[PDB]
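Starting off, we have a lone chain in the form deposited in one PDB entry, written out as structure tokens.
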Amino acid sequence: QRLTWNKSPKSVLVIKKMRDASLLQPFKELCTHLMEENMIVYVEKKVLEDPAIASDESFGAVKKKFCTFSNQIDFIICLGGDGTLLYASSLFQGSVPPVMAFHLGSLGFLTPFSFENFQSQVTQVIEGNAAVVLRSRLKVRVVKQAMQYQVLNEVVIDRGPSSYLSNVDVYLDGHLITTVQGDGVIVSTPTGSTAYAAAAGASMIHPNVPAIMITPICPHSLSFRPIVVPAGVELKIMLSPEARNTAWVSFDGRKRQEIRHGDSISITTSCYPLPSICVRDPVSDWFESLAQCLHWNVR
């Protein structure tokens, strides 16, 4: 339940926010720590070729020891806020190793660890047992040339370069449950319940609750209230065969694909969840994040 290391971890993949000068010293210190304890370090192609770190030769003594990015990765460290873990999930479409994320200034949700005294935290997580949460992920299959994507926070079917009132049908196990008008629909995981789905008047869901959230974006009906459906159900969103001005689908703020007549978007609960490492335990960590980030019940 907490942490099952079959064999002692030896590979670390460190993902950096990139295009940010504030992270150079933290990345350098963390890499020195990881290389000190005889543990292999992996770095993305674009991160090792960063000109700012290329110019610095003092760190170069460990640059030559950086392997370049399966199952070869065994432990992921994220340096950033709420975007580094999304990129990490994008990188691994299959089984993803345990990930711990450090917040360098903004506490967020997916970055519970504080950078201060990271020595002991890293040593404890590698050697000892920490607590993990198996955040659910959505498998999304787009039929136009079928492509599979993995979504952590939400998938948004909305307007785009063109902007008229969209009208899209949602089928659930083959039964047409609703047609949604307005600015669009959000299908989200419990992890993304505090993401954009929260801004659309949707309830916040702990990541341990297996569910799929359907939330509107400014629905034209005063009664369309956000709902949740069981994790194992298969959603299928497609254009109603009555409306022009085809829609656009986005996957956690990533490549927006235009969906037209005859296109289908199938959403299911993926079998490959994301283990996120928590500082103390899921409940207190989640509630502290709620209190500190969106000011849930400050009064």
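If you superpose the two forms and keep the largest set of C-alpha atoms that fall within 1.5 Å, you have the rigid core. Shifts are known only where both forms have a C-alpha. Heads up: residue numbers just count along the shown sequence, starting at 1.
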Self-check item: Where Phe69 meets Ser70 in the shown sequence, the number of deposited residues left unmodelled
Solution: 4 to 9
Practice problem: Count, per the entry, the deposited residues between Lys144 and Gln145 that are not modelled, and return the matching class: none, 1 to 3, 4 to 9, or 10 or more. | Solution: 10 or more
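Not pictured, yet referred to below: the form deposited in another entry.
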Quiz prompt | Position that moves between this form and the one not shown after core superposition, taken from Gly60, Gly262, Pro230, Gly253, with Cα shift of 2 Å or more | solution = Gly60
Practice problem: With both forms fitted on the core, give yes or no for whether the Cα of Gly174 moves by 2 angstroms or more between this form and the one not shown. | Solution: no
Quiz item: 2 Å or more on the CA of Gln124 between this form and the one not shown, with the rigid core superposed, yes or no?
Solution: no
Quiz item: Can a Cα shift of no less than 2 Å be assigned to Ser106 between this form and the one not shown, given superposition on the rigid core?
Solution: no
Quiz item: Taking the rigid core as the frame, what runs of at least 3 residues have C-alpha moves of 2 Å or more between this form and the one not shown?
Solution: 57-61, 161-163
